[PDB]
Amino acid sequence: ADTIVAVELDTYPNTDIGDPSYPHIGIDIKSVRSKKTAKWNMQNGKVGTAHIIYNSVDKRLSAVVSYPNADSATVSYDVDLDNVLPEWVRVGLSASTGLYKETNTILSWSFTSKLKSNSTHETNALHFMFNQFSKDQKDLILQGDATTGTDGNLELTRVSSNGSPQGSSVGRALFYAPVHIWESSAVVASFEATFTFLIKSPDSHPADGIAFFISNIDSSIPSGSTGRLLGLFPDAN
């Protein structure tokens, strides 16, 4: 089925599928039940930044999420990604709403991947940076309810003309080129991702979250992954 490695910024606690009782960031390796989670004091209506890093020497996937003038929330998990992902993957951003909702607006997204093979000075690298998203963003594969161009931002889920987010929405944006995330001959392989977001709920419970994910090239939103499954997993096992 799809192979997903994700860093989720989960705003709604689904204690039934193992979520902690508060907003949290977590690392998901092929399941929505995070291998590692950390509390996140989500600030509704404020722009935040998420930063994810990994390198093949330390084999640790780490993430930092923060808001200006506030404490960060960090989570790390040791994982050798060549035992989990195909070597060519596609990276993206995913989001969803269920009964409760929130806007899942992405204001900027950048990614850098590098593979140093055992050949002096030969580094293969891919870097993309988006600080504005256009109406016809031909280098992004949009799935589900995702739209771009609106205010130069990327709306992962449905927002109405007045600005209210909609329930039961799911949307994803993937970078068009495959990324060679690992290689057996590389001395060092590394990647870093950064994205700023604006999650705003009009009421007391925002839902559901935003996730940065890495997947097999041909990944598609699994059926029924709205709400708690962050448009990433088919079930909650």
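Quick note: we count residues from 1 along the sequence shown, nothing fancier. So that the term is clear: the rigid core is the largest set of C-alpha atoms that superpose within 1.5 Å between two forms.
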Practice problem: Rigid core fitted first, then name the stretch among 33-41 and 180-188 whose C-alphas deviate most from the displayed form in 9 other deposited structures of this protein. | Solution: 180-188
Self-check item: Greater Cα displacement in 9 other deposited structures of this protein once the core is superposed, comparing 73-81 with 94-102
Solution: 94-102
Exercise. Quick one: say whether 19-27 or 209-217 has the higher mean Cα B-factor in the deposited entry.
Key: 19-27
Exercise. Look over 177-185 and 198-206 in the entry and identify the one with the greater average Cα temperature factor.
Key: 198-206
Exercise. Would you mind finding, among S34, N55, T49, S62, the residue with the largest C-alpha temperature factor in the entry?
Key: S34
Practice problem: Between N162, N104, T74, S113, let me know which has the highest C-alpha B-factor in the entry? | Solution: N162
Quiz item: Comparing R90 with the other modelled residues of its chain, is its CA B-factor in the lowest, middle or highest third?
Solution: lowest
Quiz item: What third of the chain, by the recorded C-alpha B-factor, contains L232?
Solution: middle
Quiz item: So where's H127 on the chain's Cα temperature factor ranking, which third?
Solution: lowest
Exercise. Compare the C-alpha B factor of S190 with those of the other modelled residues in its chain, then answer lowest, middle or highest third.
Key: lowest
Exercise. Classify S96 as lowest, middle or highest third according to the C-alpha B-factor given in the PDB entry, relative to its own chain.
Key: middle
